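Novice: Provided herewith is a single structure, encoded as structure tokens, for subsequent inquiry.
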Amino acid sequence: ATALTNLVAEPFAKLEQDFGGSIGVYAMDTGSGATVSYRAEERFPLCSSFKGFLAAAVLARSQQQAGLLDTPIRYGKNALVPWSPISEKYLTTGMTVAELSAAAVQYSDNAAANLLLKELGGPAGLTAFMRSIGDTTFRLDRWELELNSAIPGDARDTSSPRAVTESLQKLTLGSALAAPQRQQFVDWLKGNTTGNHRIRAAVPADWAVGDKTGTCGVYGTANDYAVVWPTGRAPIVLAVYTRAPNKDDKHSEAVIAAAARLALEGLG
Ligand SMILES: *C(=O)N1C[C@H](NOS(=O)(=O)O)CC[C@H]1C(=O)NNC(=O)[C@@H]1CCCNC1
């Protein structure tokens, strides 16, 4: 007999009831192949969460272009947009691709993301990268900060929890990247600073987590995806995305953490 997915799903529906919006979740146990899935194929805005995949695309490019990560990007004052706390410190010198990648992932730096997008051929180049690993759902169409509009019914700048989880697994645990690049992606995710109240809040403190968050600031739209390494166990990959119908519907980090907890608890 197969899983009773109605029973797996029920607590997400109650959670999203109180939240006033939609919650989408996919979780993969790479030990058993067990999954938990709730609106897992619906589209949600990526917001800043595309930046993890951007860092992976940079790493892929570095496989073809020796020393790419070492390359300085010396930018002007018009690179600087709000929520760029690292790239704003280094206007007088520039930053390396590696530093920009770390800042995009770990501080969600907007200008760093835009600079790296430019290096990879814009939103379309990142999307092409995702298509190269078999992700047909992911799309990045716009730049920072327009990509955060999160307009209900707009497919631009969205993915699904399932596609995000599958692509994250391929890139962090699978061999989609060479081993050095894969470990670098994992290390960047593990050093994220913005995720303490989201998936990480649902995970025992002695288990390593890498994650990337997103918060569009409108339409109750926010998210997190992660790899979790339980001690002496196969890792778990999961994604939690939210959205809501009114522009002034609040996002909730507590709802993300609660959903993560329901997904992690429900595996296998
Ligand atoms: C990403 O979604 N970002 C970047 C930054 N860090 O948040 S997170 O760590 O990724 O969650 C701040 C949130 C956000 C972002 O760029 N905010 N700005 C905006 O989205 C504009 C203002 C608010 C309305 N949308 C446009």
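The chains in the structure tokens are called A, B, ... from first to last as shown; in each chain the residues are counted from 1, and the ligands are counted from 1 in the order shown.
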Residues up to 7 Å from ligand 1, counting only C-alpha atoms and all ligand atoms: could you list those as a CSV table (one decimal) with N, CA and C atoms, in the first residue's frame?

Specialist:
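Final output, saved to pocket_37.csv:
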chain,number,residue,atom,x,y,z
A,47,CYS,N,11.6,35.3,-5.0
A,47,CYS,CA,12.2,36.4,-4.2
A,47,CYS,C,13.7,36.2,-4.2
A,48,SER,N,14.4,36.5,-3.1
A,48,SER,CA,15.9,36.3,-3.0
A,48,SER,C,16.4,34.9,-3.2
A,49,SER,N,15.5,33.9,-3.1
A,49,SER,CA,15.9,32.5,-3.0
A,49,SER,C,16.6,32.0,-4.3
A,83,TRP,N,19.4,46.8,0.3
A,83,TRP,CA,19.7,45.4,0.7
A,83,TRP,C,20.9,44.8,0.0
A,107,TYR,N,24.2,36.8,2.8
A,107,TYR,CA,23.6,38.1,3.2
A,107,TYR,C,22.5,38.5,2.3
A,108,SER,N,22.2,37.7,1.3
A,108,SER,CA,21.2,38.0,0.3
A,108,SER,C,21.4,39.3,-0.4
A,109,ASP,N,22.7,39.6,-0.7
A,109,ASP,CA,23.1,40.9,-1.2
A,109,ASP,C,22.5,41.1,-2.6
A,110,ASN,N,21.7,42.2,-2.8
A,110,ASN,CA,21.0,42.4,-4.1
A,110,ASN,C,21.9,42.8,-5.2
A,144,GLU,N,17.0,42.2,-9.7
A,144,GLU,CA,16.8,42.9,-8.4
A,144,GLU,C,16.6,44.4,-8.7
A,145,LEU,N,15.5,45.0,-8.2
A,145,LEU,CA,14.5,44.5,-7.2
A,145,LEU,C,13.2,44.1,-7.8
A,146,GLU,N,13.0,44.3,-9.1
A,146,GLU,CA,11.7,44.1,-9.8
A,146,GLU,C,11.2,42.7,-9.7
A,148,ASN,N,10.9,40.9,-7.3
A,148,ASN,CA,10.2,40.6,-6.0
A,148,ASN,C,8.7,41.0,-6.0
A,149,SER,N,8.2,41.5,-7.2
A,149,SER,CA,6.8,42.0,-7.2
A,149,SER,C,5.7,41.0,-6.7
A,194,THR,N,20.9,34.5,7.2
A,194,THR,CA,19.5,35.1,7.2
A,194,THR,C,18.4,34.1,7.6
A,195,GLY,N,18.8,32.8,7.9
A,195,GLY,CA,17.8,31.7,7.9
A,195,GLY,C,17.5,31.2,9.3
A,213,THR,N,17.2,31.9,1.9
A,213,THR,CA,15.8,32.5,2.2
A,213,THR,C,15.4,33.4,1.2
A,214,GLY,N,14.2,33.7,1.1
A,214,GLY,CA,13.6,34.8,0.3
A,214,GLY,C,12.5,35.5,1.0
A,215,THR,N,12.3,36.8,0.8
A,215,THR,CA,11.3,37.6,1.4
A,215,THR,C,10.9,38.7,0.4
A,216,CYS,N,9.9,38.6,-0.3
A,216,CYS,CA,9.5,39.6,-1.4
A,216,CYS,C,9.0,40.9,-0.8
A,217,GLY,N,8.5,40.9,0.5
A,217,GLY,CA,8.0,42.1,1.1
A,217,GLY,C,6.5,42.4,0.9
A,218,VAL,N,5.8,41.6,0.1
A,218,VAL,CA,4.5,41.8,-0.3
A,218,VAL,C,3.8,40.5,-0.5
A,222,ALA,N,7.2,34.6,1.1
A,222,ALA,CA,8.6,34.4,1.6
A,222,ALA,C,8.8,32.9,1.6

Novice: Write out as a PyMOL selection string all residues of stretch 68-233 of chain A that backbone DSSP assigns to alpha helix (DSSP H).

Specialist: chain A and resi 97-106+110-119+122-132+161-172+179-190

Novice: Output the selection as a PDB file, in the first residue's frame - C-alpha atoms for each residue.

Specialist:
ATOM      1  CA  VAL A  97      33.266  36.633  -7.939  1.00  0.00           C
ATOM      2  CA  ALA A  98      33.731  34.332  -4.969  1.00  0.00           C
ATOM      3  CA  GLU A  99      33.098  37.115  -2.439  1.00  0.00           C
ATOM      4  CA  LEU A 100      30.064  38.280  -4.436  1.00  0.00           C
ATOM      5  CA  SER A 101      28.720  34.722  -4.492  1.00  0.00           C
ATOM      6  CA  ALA A 102      29.167  34.303  -0.751  1.00  0.00           C
ATOM      7  CA  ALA A 103      27.488  37.705  -0.160  1.00  0.00           C
ATOM      8  CA  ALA A 104      24.535  36.839  -2.450  1.00  0.00           C
ATOM      9  CA  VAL A 105      23.972  33.575  -0.638  1.00  0.00           C
ATOM     10  CA  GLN A 106      24.785  34.464   2.947  1.00  0.00           C
ATOM     11  CA  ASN A 110      20.985  42.373  -4.105  1.00  0.00           C
ATOM     12  CA  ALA A 111      23.719  44.240  -5.966  1.00  0.00           C
ATOM     13  CA  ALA A 112      25.990  41.200  -5.745  1.00  0.00           C
ATOM     14  CA  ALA A 113      23.204  39.116  -7.275  1.00  0.00           C
ATOM     15  CA  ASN A 114      22.740  41.605 -10.113  1.00  0.00           C
ATOM     16  CA  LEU A 115      26.471  41.726 -10.779  1.00  0.00           C
ATOM     17  CA  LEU A 116      26.671  37.944 -10.941  1.00  0.00           C
ATOM     18  CA  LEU A 117      23.556  37.762 -13.126  1.00  0.00           C
ATOM     19  CA  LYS A 118      25.340  40.118 -15.541  1.00  0.00           C
ATOM     20  CA  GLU A 119      28.360  37.806 -15.599  1.00  0.00           C
ATOM     21  CA  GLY A 122      21.238  37.908 -17.075  1.00  0.00           C
ATOM     22  CA  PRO A 123      18.101  36.180 -15.742  1.00  0.00           C
ATOM     23  CA  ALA A 124      17.975  34.158 -18.981  1.00  0.00           C
ATOM     24  CA  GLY A 125      21.491  32.763 -18.359  1.00  0.00           C
ATOM     25  CA  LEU A 126      20.529  31.584 -14.885  1.00  0.00           C
ATOM     26  CA  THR A 127      17.341  30.026 -16.233  1.00  0.00           C
ATOM     27  CA  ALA A 128      19.409  28.270 -18.952  1.00  0.00           C
ATOM     28  CA  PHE A 129      21.676  26.872 -16.254  1.00  0.00           C
ATOM     29  CA  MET A 130      18.675  25.438 -14.443  1.00  0.00           C
ATOM     30  CA  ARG A 131      17.390  23.901 -17.675  1.00  0.00           C
ATOM     31  CA  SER A 132      20.849  22.272 -18.084  1.00  0.00           C
ATOM     32  CA  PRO A 161       8.889  23.636  -4.038  1.00  0.00           C
ATOM     33  CA  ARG A 162       9.441  20.338  -5.802  1.00  0.00           C
ATOM     34  CA  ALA A 163      11.659  21.750  -8.529  1.00  0.00           C
ATOM     35  CA  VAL A 164      13.642  23.777  -5.982  1.00  0.00           C
ATOM     36  CA  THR A 165      14.195  20.703  -3.798  1.00  0.00           C
ATOM     37  CA  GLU A 166      15.112  18.467  -6.760  1.00  0.00           C
ATOM     38  CA  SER A 167      17.550  20.980  -8.189  1.00  0.00           C
ATOM     39  CA  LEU A 168      19.075  21.691  -4.778  1.00  0.00           C
ATOM     40  CA  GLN A 169      19.608  17.967  -4.224  1.00  0.00           C
ATOM     41  CA  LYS A 170      21.234  17.480  -7.626  1.00  0.00           C
ATOM     42  CA  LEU A 171      23.618  20.396  -6.990  1.00  0.00           C
ATOM     43  CA  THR A 172      24.553  19.807  -3.332  1.00  0.00           C
ATOM     44  CA  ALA A 179      33.234  17.800  -6.080  1.00  0.00           C
ATOM     45  CA  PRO A 180      35.182  20.987  -5.232  1.00  0.00           C
ATOM     46  CA  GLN A 181      32.408  23.223  -6.633  1.00  0.00           C
ATOM     47  CA  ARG A 182      29.688  21.106  -4.917  1.00  0.00           C
ATOM     48  CA  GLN A 183      31.453  21.428  -1.529  1.00  0.00           C
ATOM     49  CA  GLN A 184      31.819  25.190  -2.097  1.00  0.00           C
ATOM     50  CA  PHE A 185      28.074  25.505  -2.730  1.00  0.00           C
ATOM     51  CA  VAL A 186      27.350  23.512   0.426  1.00  0.00           C
ATOM     52  CA  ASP A 187      29.793  25.665   2.417  1.00  0.00           C
ATOM     53  CA  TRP A 188      28.143  28.862   1.176  1.00  0.00           C
ATOM     54  CA  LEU A 189      24.699  27.574   2.127  1.00  0.00           C
ATOM     55  CA  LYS A 190      25.971  26.386   5.539  1.00  0.00           C
TER      56      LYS A 190
END

Novice: So, with only C-alpha atoms as the atoms that count, which of A:52, A:178, A:76, A:243 lies closest to residue A:210?

Specialist: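 Of A:52, A:178, A:76, A:243, the one nearest residue A:210 is A:52, counting only C-alpha atoms.
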
Novice: With a distance cut-off of 8 Å and only C-alpha atoms, select the neighbouring residues of stretch 249-257 of chain A, excluding the residue or stretch itself and same-chain residues fewer than 2 positions from it, and output the selection as a PyMOL selection string.

Specialist: chain A and resi 15+19-20+197-202+215+217-224+240-247+259-261

Novice: Give me every strand (DSSP E) residue in stretch 17-242 of chain A, going by DSSP on the backbone, as JSON, numbers by chain.

Specialist: {"A": [22, 23, 24, 25, 26, 27, 28, 29, 35, 36, 37, 38, 44, 45, 72, 73, 95, 96, 158, 159, 208, 209, 210, 211, 212, 213, 214, 215, 222, 223, 224, 225, 226, 227, 228, 229, 236, 237, 238, 239, 240, 241, 242]}
